[PDB]
Amino acid sequence: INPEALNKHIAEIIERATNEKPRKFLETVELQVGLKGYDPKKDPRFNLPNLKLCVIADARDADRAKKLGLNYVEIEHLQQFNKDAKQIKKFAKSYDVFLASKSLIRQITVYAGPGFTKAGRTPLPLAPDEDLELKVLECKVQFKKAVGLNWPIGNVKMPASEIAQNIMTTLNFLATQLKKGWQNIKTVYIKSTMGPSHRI
Amino acid sequence: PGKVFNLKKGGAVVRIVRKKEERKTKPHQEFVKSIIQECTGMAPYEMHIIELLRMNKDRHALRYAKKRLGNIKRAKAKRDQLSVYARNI
Amino acid sequence: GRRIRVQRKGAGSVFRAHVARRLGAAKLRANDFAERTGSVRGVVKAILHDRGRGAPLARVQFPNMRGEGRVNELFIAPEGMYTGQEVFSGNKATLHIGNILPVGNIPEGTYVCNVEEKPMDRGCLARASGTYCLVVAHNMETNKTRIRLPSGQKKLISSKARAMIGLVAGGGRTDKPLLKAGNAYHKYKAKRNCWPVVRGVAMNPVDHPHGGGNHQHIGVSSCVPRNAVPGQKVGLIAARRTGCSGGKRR
RNA sequence: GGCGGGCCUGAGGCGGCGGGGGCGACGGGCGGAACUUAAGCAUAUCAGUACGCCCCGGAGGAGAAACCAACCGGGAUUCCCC
RNA sequence: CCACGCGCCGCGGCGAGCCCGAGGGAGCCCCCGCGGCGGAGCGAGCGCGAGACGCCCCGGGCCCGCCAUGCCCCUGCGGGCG
RNA sequence: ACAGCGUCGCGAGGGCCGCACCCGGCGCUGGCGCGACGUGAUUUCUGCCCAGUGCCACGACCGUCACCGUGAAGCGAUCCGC
RNA sequence: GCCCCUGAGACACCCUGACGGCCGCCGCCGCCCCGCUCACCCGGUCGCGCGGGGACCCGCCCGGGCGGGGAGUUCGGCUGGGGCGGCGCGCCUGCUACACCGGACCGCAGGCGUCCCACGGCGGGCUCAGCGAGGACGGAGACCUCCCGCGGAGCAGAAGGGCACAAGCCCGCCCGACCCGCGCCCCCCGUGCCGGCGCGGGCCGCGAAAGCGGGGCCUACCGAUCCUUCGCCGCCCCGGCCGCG
């Protein structure tokens with residue numbers, strides 16, 4: 001892992017990154033990673049856990065969640081969209097991340113289904129009952145058929161490498177649900193569209 | 001088990017036979033092992049162990065030594081003794 | 001529980017080779033410094049009849065290289081040899097019938113008898129009555145001459161092998177039927193005690209593997225594998241194709 | 001090539017001296033059964049026996065710990081009692 | 001038939017005892033003479049370890065171990081008391 | 001048994017046997033030879049079957065199919081892999 | 001150009017992973033192929049004037065076959081001789097059985113070696129096969145009605161008992177077809193083993209409850225030692241001690 005070596009380089013592609021200047025923790029990173037020794041008949045299917053997430057509510061969202069983020073929408077606000085089903089079948093065009101209401105989801109239950117199964121998820125738990133935005137962790141290490149996958153880096157707009165802990169959050173996990181615990185992994189390198197980086 | 005139970009075992013003072021003036025290889029035994037090693041050279045099983053060490057590290061080197069010498073304690077010493085030659089070339 | 005007739009054959013005694021009264025071995029001249037560089041002449045002393053071998057044996061004496069007395073060597077007789085013939089034998093000896101010369105020097109297509117398997121083996125292949133070998137080609141690629149064996153396989157011998165030009169004499173020996181079994185008792189009276197032979201289905205079962213059932217049936221298939229135990233190999237050994245087919249020529 | 005010396009590995013002859021074979025026990029080393037028993041038989045068992053073989057002695061073999069023990073511990077072997 | 005293993009039974013000596021073991025003894029049939037067997041059981045083992053009666057005999061009741069378990073507590077998955 | 005008649009293995013660095021190994025016999029031989037076979041003098045002919053079952057294939061390498069070897073892994077007894 | 005808008009899936013947003021492909025790169029490892037003589041094995045001779053193999057065979061050490069060519073055994077029992085044609089050789093129902101019980105037979109009439117998480121447990125409801133007499137198609141016959149309906153029905157299969165606000169049938173639940181420790185009966189030497197039965201506790205179910213339940217209404221449907229495998233709490237390794245065994 002080299003916590004001291006190249007785990008302090010997560011901000012290394014500084015003004016080298018440019019690449020649209022997204023504004024975050026410098027380089028996009030994403031910690032490109034792969035699985036070695038993973039078999040089709042192996043054992044790793046599940047989910048578990050700058051930024052691009054969306055959450056909504058009608059019992060406080062315009063001030064609690066929409067003020068300072070997300071969007072100003074009730075438990076409905078689609079109507080003809082909940083009948084055409086086009087944009088929702090692939091919500092990435094509309095809702096980039098899906099957390100459309102909690103504790104008020106009762107209003108939409110009557111007319112919902114194809115998009116929320118295609119997208120895979122919609123009513124995850126952030127609500128006006130809790131202080132809204134306390135659970136901003138919609139973030140995601142997904143495993144089952146593909147490789148390690150380029151899963152989320154950990155955000156960390158903070159400079160230097162506080163993300164080394166987040167890089168190690170993926171490291172703390174990942175080794176979970178693997179036939180050769182930590183042995184079954186193949187690549188320890190950092191590269192993406194960001195720009196010039198080095199092996200972790 | 002193999003010990004009787006007398007909480008207060010010990011009613012007679014005991015002197016410990018020990019060391020017997022614990023000795024060493026002494027100057028000549030080591031020197032001679034140098035004289036012969038200088039002319040005859042290293043055995044083939046040893047050569048493989050040293051060659052394993054420059055590239056591979058231990059593991060398989062010990063595994064060849066257990067098979068050739070027949071006991072890990074002799075092997076652990078042999079792998080270690082052989083390594084001194086390894087860190088030069 | 002008793003060994004078969006084949007098993008007892010190699011024990012010796014009774015099932016051995018009668019060799020008494022046989023004149024001796026048939027071998028060529030010893031290869032030597034004179035044979036290597038030149039040719040030594042040799043008169044034919046006689047063309048005797050071997051007791052065991054139907055094939056004529058010819059006694060020919062050569063001038064001994066060292067001691068004054070002439071050494072006498074018995075050669076399998078090549079047809080056309082006459083009492084008083086001078087077989088000139090050596091590296092430079094001609095191809096006249098009867099001479100002993102290095103097979104490599106002998107030309108392609110010749111009729112040869114008493115060829116040597118490896119150099120100076122003193123006589124090896126093609127000794128039987130009426131049999132012959134042909135040099136298909138004296139190939140110089142590896143100093144190895146091709147030889148077609150009497151049976152017809154194609155083998156090779158080192159050019160330094162030596163042989164006698166001319167067919168082994170006594171040919172047509174088996175054409176005449178032996179007729180009366182007595183001619184067979186007399187024929188094998190100079191050879192092994194292999195006559196008369198008792199077939200497998202006749203013998204009682206304790207003796208032969210083919211044994212005998214209620215109706216004298218072989219009991220199983222004669223073809224027995226090449227790698228079978230000595231006692232088992234009593235049937236046809238490793239047959240590649242049993243039966244009579246398109247003659248024997250393909 | 002020749003010739004003569006030293007060393008070294010050998011070749012014959014001589015002189016002195018050993019060695020071989022025997023004993024119905026005991027003794028030392030091997031090679032090695034089966035009948036039997038298991039109510040049959042294979043592992044077992046008989047038995048590390050019969051018998052075969054080689055060798056020694058008046059006894060041989062064994063023997064002065066790379067040893068038992070675990071104790072308020074012994075101390076070569078050999079035999080005997082348990 | 002004899003040996004030795006065993007299970008009862010009848011005697012003889014002695015009694016929580018009892019014992020010509022091999023041996024040693026100037027002795028033989030006499031003197032001295034251990035391991036052993038009992039005296040405490042039960043439990044695979046860690047190990048832990050019987051009182052309360054009764055002419056005898058039979059039960060009954062209890063206590064010891066191996067088990068479960070309820071409480072109490074010391075020195076403590078240790079001890080006690082059910 | 002038998003001549004005849006076919007089948008079969010083999011080029012000797014080989015076939016087929018003896019035998020505890022030593023090492024023999026065929027072989028003082030060499031394919032008109034030596035073994036291994038059935039059938040049984042000629043005269044006249046010997047049909048049809050390869051499914052099996054034998055045998056046979058420097059016929060194939062598909063599936064299985066060993067000690068080695070040697071990839072990991074474990075502290076190592078090992079344990080999976082090819 | 002895009003999360004512009006369209007698919008299961010930007011592809012202009014660069015990195016991976018996959019298989020092919022491969023410059024080439026290995027102080028890596030297996031495998032072959034060819035020399036050479038110097039072991040090793042052949043053949044010549046009177047070693048009087050030399051050849052042929054060759055790091056190969058061979059021997060040897062394990063390892064995989066093939067292998068009556070050899071050995072060593074074994075080749076059940078009952079039974080109107082044998083008898084292996086049958087299995088009464090374990091097990092059950094009704095006979096035979098001579099009114100307690102026990103009673104023979106290659107004696108009769110038959111079965112068993114399974115099946116079912118519902119075909120189980122419980123609580124509730126219910127009455128079944130059918131005698132009639134009626135009703136579109138509709139009659140031997142299909143359904144729906146009443147009525148009389150002692151079981152004449154069905155309860156997984158052999159047969160015999162047994163059963164009616166049920167032990168049948170339907171429904172609503174649910175796992176008691178559960179654990180810990182025992183005894184009793186059946187065969188009986190009064191031994192095992194199968195099968196039940198009766199309890200001391202734990203814990204659940206079902207119902208309002210009392211109750212009832214460790215299977216299928218009862219009587220058939222199965223298993224020693226040894227060894228493997230496994231479950232639960234522990235104990236043991238013996239001079240200790242710690243992990244793995």
# chains A, B, ... in the order shown; residues from 1 in each chain; ligands from 1
$ residues_around --residues "stretch 50-56 of chain D" --least-positions-apart "6" --cutoff "12 Å" --atoms "only C-alpha atoms (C1' of nucleotides)" --output "list in words"
residues 27, 28, 29, 30, 31, 32, 33, 34 and 35 of chain D
$ interface_residues --of "chain G" --to "chain A" --cutoff "12 Å" --atoms "only C-alpha atoms (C1' of nucleotides)" --output "list in words"
residues 2, 3, 4, 5, 6, 7, 8, 9, 13, 14, 15, 16, 17 and 18 of chain G
$ write_last_selection --atoms "C-alpha atoms (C1' of nucleotides)" --output "PDB file, in the first residue's frame"
ATOM      1  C1'   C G   2     -21.183  16.048 -24.123  1.00  0.00           C
ATOM      2  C1'   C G   3     -25.442  12.838 -18.185  1.00  0.00           C
ATOM      3  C1'   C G   4     -28.057  18.029 -26.064  1.00  0.00           C
ATOM      4  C1'   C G   5     -31.011  13.304 -27.721  1.00  0.00           C
ATOM      5  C1'   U G   6     -31.758   7.956 -28.641  1.00  0.00           C
ATOM      6  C1'   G G   7     -30.218   2.319 -26.829  1.00  0.00           C
ATOM      7  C1'   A G   8     -29.128  -3.458 -23.032  1.00  0.00           C
ATOM      8  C1'   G G   9     -24.741  -0.629 -23.637  1.00  0.00           C
ATOM      9  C1'   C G  13     -14.441  12.577 -21.949  1.00  0.00           C
ATOM     10  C1'   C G  14      -7.889   7.610 -20.356  1.00  0.00           C
ATOM     11  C1'   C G  15      -7.261   4.291 -17.577  1.00  0.00           C
ATOM     12  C1'   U G  16      -8.116  -0.582 -16.445  1.00  0.00           C
ATOM     13  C1'   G G  17      -9.905  -5.441 -17.127  1.00  0.00           C
ATOM     14  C1'   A G  18     -10.779  -9.914 -20.604  1.00  0.00           C
TER      15        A G  18
END
$ residues_around --residues "residue C:13" --least-positions-apart "4" --cutoff "10 Å" --atoms "only C-alpha atoms (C1' of nucleotides)" --output "PyMOL selection string"
(chain C and resi 8-9+17+193) or (chain F and resi 25)
$ select_by_dssp --residues "stretch 37-75 of chain A" --states "alpha helix (DSSP H)" --output "NGL selection string"
:A and (61-64)
$ write_last_selection --atoms "N, CA, C and O atoms" --output "PDB file, in the first residue's frame"
ATOM      1  N   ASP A  61     -37.782  19.919   2.467  1.00  0.00           N
ATOM      2  CA  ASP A  61     -36.610  19.961   1.542  1.00  0.00           C
ATOM      3  C   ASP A  61     -36.308  21.358   0.997  1.00  0.00           C
ATOM      4  O   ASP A  61     -35.144  21.717   1.041  1.00  0.00           O
ATOM      5  N   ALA A  62     -37.298  22.181   0.661  1.00  0.00           N
ATOM      6  CA  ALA A  62     -36.965  23.466   0.003  1.00  0.00           C
ATOM      7  C   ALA A  62     -35.982  24.237   0.881  1.00  0.00           C
ATOM      8  O   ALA A  62     -35.095  24.884   0.313  1.00  0.00           O
ATOM      9  N   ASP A  63     -36.136  24.176   2.207  1.00  0.00           N
ATOM     10  CA  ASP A  63     -35.141  24.823   3.106  1.00  0.00           C
ATOM     11  C   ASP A  63     -34.124  23.814   3.663  1.00  0.00           C
ATOM     12  O   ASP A  63     -32.920  24.100   3.591  1.00  0.00           O
ATOM     13  N   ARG A  64     -34.567  22.689   4.228  1.00  0.00           N
ATOM     14  CA  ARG A  64     -33.578  21.771   4.864  1.00  0.00           C
ATOM     15  C   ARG A  64     -32.625  21.126   3.838  1.00  0.00           C
ATOM     16  O   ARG A  64     -31.419  21.065   4.136  1.00  0.00           O
TER      17      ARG A  64
END
$ residues_around --residues "residue B:61" --least-positions-apart "6" --cutoff "8 Å" --atoms "only C-alpha atoms (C1' of nucleotides)" --output "ChimeraX atom specification"
/B:49,52-53,79
$ atom_distance --atom1 "atom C1' of residue G:23" --atom2 "atom CA of residue A:186"
24.4 Å
$ closest_atom_pairs --of "chain F" --to "chain B" --cutoff "12 Å" --atoms "only C-alpha atoms (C1' of nucleotides)" --output "tab-separated table"
residue	atom	partner	partner_atom	distance
F:70	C1'	B:60	CA	10.5
F:71	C1'	B:60	CA	11.1
F:72	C1'	B:60	CA	10.8
F:73	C1'	B:59	CA	10.8
F:74	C1'	B:59	CA	10.7
F:75	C1'	B:72	CA	11.1
F:76	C1'	B:72	CA	8.7
F:77	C1'	B:72	CA	11.9
$ closest_residue --among "G:29, G:116, G:48, G:22" --to "chain C" --atoms "only C-alpha atoms (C1' of nucleotides)"
G:48
$ interface_residues --of "chain B" --to "chain G" --cutoff "12 Å" --atoms "only C-alpha atoms (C1' of nucleotides)" --output "NGL selection string"
:B and (1-4 or 48 or 50-56 or 86 or 89)
$ write_last_selection --atoms "N, CA, C and O atoms" --output "compact mmCIF listing (two decimals), in the first residue's frame"
# COMPACT_ATOMS: atom_id res chain seq x y z
N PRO B 1 -0.38 -36.43 34.51
CA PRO B 1 0.62 -36.08 33.50
C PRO B 1 1.97 -36.74 33.79
O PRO B 1 1.99 -37.92 34.06
N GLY B 2 3.06 -35.98 33.70
CA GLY B 2 4.41 -36.51 34.02
C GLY B 2 5.01 -35.85 35.26
O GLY B 2 6.21 -36.06 35.48
N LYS B 3 4.24 -35.06 36.01
CA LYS B 3 4.74 -34.47 37.28
C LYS B 3 3.74 -34.73 38.41
O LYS B 3 2.55 -34.50 38.19
N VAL B 4 4.21 -35.17 39.58
CA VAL B 4 3.31 -35.35 40.76
C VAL B 4 3.00 -33.96 41.34
O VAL B 4 3.71 -33.00 40.98
N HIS B 48 22.45 -24.07 -5.28
CA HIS B 48 21.05 -23.78 -5.68
C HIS B 48 20.44 -22.83 -4.64
O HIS B 48 19.76 -21.89 -5.04
N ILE B 50 21.88 -20.58 -2.76
CA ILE B 50 22.42 -19.20 -2.88
C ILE B 50 21.78 -18.55 -4.10
O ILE B 50 21.34 -17.40 -4.02
N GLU B 51 21.70 -19.30 -5.20
CA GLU B 51 21.14 -18.75 -6.45
C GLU B 51 19.66 -18.43 -6.23
O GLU B 51 19.20 -17.43 -6.80
N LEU B 52 18.95 -19.24 -5.45
CA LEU B 52 17.54 -18.91 -5.16
C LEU B 52 17.51 -17.54 -4.49
O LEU B 52 16.72 -16.72 -4.93
N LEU B 53 18.40 -17.28 -3.54
CA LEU B 53 18.36 -16.02 -2.75
C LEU B 53 18.62 -14.76 -3.59
O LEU B 53 18.00 -13.74 -3.28
N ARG B 54 19.50 -14.79 -4.58
CA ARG B 54 19.72 -13.52 -5.32
C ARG B 54 18.41 -13.08 -5.99
O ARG B 54 18.15 -11.87 -6.02
N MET B 55 17.64 -14.03 -6.51
CA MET B 55 16.37 -13.69 -7.22
C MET B 55 15.18 -13.86 -6.27
O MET B 55 14.65 -12.83 -5.80
N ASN B 56 14.81 -15.10 -5.95
CA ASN B 56 13.66 -15.38 -5.05
C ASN B 56 14.08 -15.01 -3.63
O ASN B 56 15.27 -14.88 -3.39
N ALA B 86 25.65 -14.67 -0.49
CA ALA B 86 24.73 -14.05 -1.47
C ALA B 86 24.87 -12.53 -1.60
O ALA B 86 24.81 -12.05 -2.74
N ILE B 89 28.34 -10.36 -4.81
CA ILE B 89 28.29 -10.25 -6.30
C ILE B 89 27.11 -9.33 -6.66
O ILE B 89 26.52 -9.58 -7.73
$ residues_around --residues "stretch 60-65 of chain E" --least-positions-apart "3" --cutoff "7 Å" --atoms "only C-alpha atoms (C1' of nucleotides)" --output "list in words"
residues 42, 43, 49, 50, 51 and 52 of chain E
$ residues_around --residues "residue E:81" --least-positions-apart "2" --cutoff "12 Å" --atoms "only C-alpha atoms (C1' of nucleotides)" --output "NGL selection string"
:E and (70-73 or 79)
$ write_last_selection --atoms "N, CA, C and O atoms (P, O5', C5', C4', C3', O3' and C1' of nucleotides)" --output "PDB file, in the first residue's frame"
ATOM      1  P     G E  70     -28.912 -23.172  37.131  1.00  0.00           P
ATOM      2  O5'   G E  70     -29.978 -22.351  38.008  1.00  0.00           O
ATOM      3  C5'   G E  70     -31.235 -22.985  38.331  1.00  0.00           C
ATOM      4  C4'   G E  70     -31.434 -22.936  39.823  1.00  0.00           C
ATOM      5  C3'   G E  70     -30.587 -21.910  40.576  1.00  0.00           C
ATOM      6  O3'   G E  70     -31.131 -20.604  40.459  1.00  0.00           O
ATOM      7  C1'   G E  70     -30.604 -23.967  41.745  1.00  0.00           C
ATOM      8  P     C E  71     -30.259 -19.261  40.774  1.00  0.00           P
ATOM      9  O5'   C E  71     -30.584 -18.992  42.307  1.00  0.00           O
ATOM     10  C5'   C E  71     -29.744 -18.139  43.090  1.00  0.00           C
ATOM     11  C4'   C E  71     -29.492 -18.771  44.432  1.00  0.00           C
ATOM     12  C3'   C E  71     -28.223 -18.319  45.129  1.00  0.00           C
ATOM     13  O3'   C E  71     -28.433 -17.109  45.842  1.00  0.00           O
ATOM     14  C1'   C E  71     -28.357 -20.678  45.199  1.00  0.00           C
ATOM     15  P     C E  72     -27.569 -15.751  45.553  1.00  0.00           P
ATOM     16  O5'   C E  72     -26.498 -15.761  46.729  1.00  0.00           O
ATOM     17  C5'   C E  72     -26.883 -16.197  48.041  1.00  0.00           C
ATOM     18  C4'   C E  72     -25.727 -16.887  48.714  1.00  0.00           C
ATOM     19  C3'   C E  72     -24.363 -16.285  48.439  1.00  0.00           C
ATOM     20  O3'   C E  72     -24.107 -15.101  49.180  1.00  0.00           O
ATOM     21  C1'   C E  72     -24.227 -18.638  48.311  1.00  0.00           C
ATOM     22  P     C E  73     -23.305 -13.907  48.491  1.00  0.00           P
ATOM     23  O5'   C E  73     -21.790 -14.380  48.600  1.00  0.00           O
ATOM     24  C5'   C E  73     -21.161 -14.519  49.884  1.00  0.00           C
ATOM     25  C4'   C E  73     -20.002 -15.482  49.807  1.00  0.00           C
ATOM     26  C3'   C E  73     -18.774 -14.977  49.082  1.00  0.00           C
ATOM     27  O3'   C E  73     -17.983 -14.169  49.936  1.00  0.00           O
ATOM     28  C1'   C E  73     -19.206 -17.216  48.452  1.00  0.00           C
ATOM     29  P     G E  79     -13.975 -26.583  43.199  1.00  0.00           P
ATOM     30  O5'   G E  79     -14.290 -26.459  44.769  1.00  0.00           O
ATOM     31  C5'   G E  79     -13.182 -26.218  45.662  1.00  0.00           C
ATOM     32  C4'   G E  79     -13.671 -25.437  46.852  1.00  0.00           C
ATOM     33  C3'   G E  79     -15.071 -25.785  47.356  1.00  0.00           C
ATOM     34  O3'   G E  79     -15.142 -26.969  48.132  1.00  0.00           O
ATOM     35  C1'   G E  79     -14.894 -23.472  47.179  1.00  0.00           C
TER      36        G E  79
END
$ residues_around --residues "residue C:51" --least-positions-apart "2" --cutoff "12 Å" --atoms "only C-alpha atoms (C1' of nucleotides)" --output "PyMOL selection string"
(chain C and resi 18-25+48-49+53-57+186-191) or (chain F and resi 28)
$ interface_residues --of "chain E" --to "chain B" --cutoff "12 Å" --atoms "only C-alpha atoms (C1' of nucleotides)" --output "PyMOL selection string"
chain E and resi 45-47
$ atom_distance --atom1 "atom CA of residue C:150" --atom2 "atom CA of residue C:165"
14.1 Å
$ interface_residues --of "chain D" --to "chain B" --cutoff "10 Å" --atoms "only C-alpha atoms (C1' of nucleotides)" --output "VMD selection string"
chain D and resid 70 to 72
$ write_last_selection --atoms "N, CA, C and O atoms (P, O5', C5', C4', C3', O3' and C1' of nucleotides)" --output "PDB file, in the first residue's frame"
ATOM      1  P     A D  70       9.266 -41.109  36.837  1.00  0.00           P
ATOM      2  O5'   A D  70       9.272 -39.531  37.034  1.00  0.00           O
ATOM      3  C5'   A D  70       9.583 -38.952  38.310  1.00  0.00           C
ATOM      4  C4'   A D  70      10.063 -37.538  38.124  1.00  0.00           C
ATOM      5  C3'   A D  70       8.982 -36.499  37.819  1.00  0.00           C
ATOM      6  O3'   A D  70       9.057 -35.409  38.727  1.00  0.00           O
ATOM      7  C1'   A D  70      10.781 -36.327  36.278  1.00  0.00           C
ATOM      8  P     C D  71       7.938 -35.170  39.892  1.00  0.00           P
ATOM      9  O5'   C D  71       8.702 -35.607  41.217  1.00  0.00           O
ATOM     10  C5'   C D  71       8.517 -36.919  41.775  1.00  0.00           C
ATOM     11  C4'   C D  71       9.682 -37.253  42.665  1.00  0.00           C
ATOM     12  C3'   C D  71      10.572 -36.069  43.015  1.00  0.00           C
ATOM     13  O3'   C D  71      10.033 -35.035  43.862  1.00  0.00           O
ATOM     14  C1'   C D  71      11.917 -37.836  42.219  1.00  0.00           C
ATOM     15  P     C D  72       9.885 -35.193  45.460  1.00  0.00           P
ATOM     16  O5'   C D  72      11.371 -34.992  45.992  1.00  0.00           O
ATOM     17  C5'   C D  72      12.078 -33.757  45.791  1.00  0.00           C
ATOM     18  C4'   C D  72      13.262 -33.675  46.724  1.00  0.00           C
ATOM     19  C3'   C D  72      14.132 -34.924  46.822  1.00  0.00           C
ATOM     20  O3'   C D  72      15.501 -34.572  46.925  1.00  0.00           O
ATOM     21  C1'   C D  72      13.300 -34.344  48.969  1.00  0.00           C
TER      22        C D  72
END
$ select_by_dssp --residues "stretch 20-199 of chain C" --states "strand (DSSP E or B)" --output "JSON, numbers by chain"
{"C": [39, 40, 43, 44, 45, 46, 47, 48, 49, 56, 57, 58, 59, 60, 61, 62, 71, 72, 73, 74, 75, 76, 78, 86, 89, 90, 100, 101, 102, 111, 112, 113, 115, 125, 133, 134, 135, 144, 145, 146, 147, 148, 154, 155, 156, 157, 158, 162, 163, 164, 165, 168, 192]}
$ atom_distance --atom1 "atom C1' of residue E:55" --atom2 "atom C1' of residue E:16"
22.9 Å
